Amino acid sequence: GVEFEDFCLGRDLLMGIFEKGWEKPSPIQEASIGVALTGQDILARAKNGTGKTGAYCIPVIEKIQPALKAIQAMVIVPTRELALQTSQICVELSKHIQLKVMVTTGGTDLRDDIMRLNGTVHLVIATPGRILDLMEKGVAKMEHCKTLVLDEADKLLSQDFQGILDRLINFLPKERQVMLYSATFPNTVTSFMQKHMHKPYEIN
């Protein structure tokens, strides 16, 4: 049976995993974590549960350098509810790392977010509209953001979002890892992945 120690995670992260009660990796975690740690793009068909979240949160947190005071990874979700669920898991998993997590879902005085970004932020969890606004204003600087997670990609690429995911991803460095998770794969998703991703590892 595959163990979390089999991935060679930092001890601080391992303690957060153990202390959250995750003794052994779930199927989607075992399927994805090892490849995700290599840096290869990831294309995963997954339903909108929460084992999905651990599957991408663990590798995202592992490769963040907390001594580097810059945004190094970003998770994009379609809703506030999902942003809060994902943020809770990241905060829990990174309990023993000095990792600064920022959540924004808009609906607030933009100065709340500007205030936070003037400080140290390692990991951004966001709905796409507000964080794109912060990127276009130059408040969220993306030079070091080498990892992007798109969670519920079919929703994020729907008509609702009016093409802003394409504007968002164009701010990221060209050398970067994209992890895409989605329940369905219509033309919006497949055309996006062909344009922006590089020979991703596919996961059923």
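Start at 1 and count along the sequence shown; that's the residue number.
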State which stretch shows the higher mean Cα B factor in the entry: 57-65 or 28-36.
28-36
Averaging CA B factors per stretch from the PDB record, which one is higher: 47-55 or 144-152?
47-55
Member of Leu93, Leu123, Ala83, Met115 with the greatest C-alpha B factor (per the PDB record)
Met115
Within this chain's modelled residues, let me know which third the CA B factor of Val189 belongs to: lowest, middle or highest.
middle
Lowest, middle or highest third: where is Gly107 by C-alpha B factor in its chain?
middle
The third of the chain into which the C-alpha temperature factor of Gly119 falls is the highest
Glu136: C-alpha B-factor third of its chain, per the entry, is the middle
What third of the chain, by the recorded C-alpha B-factor, contains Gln162?
highest
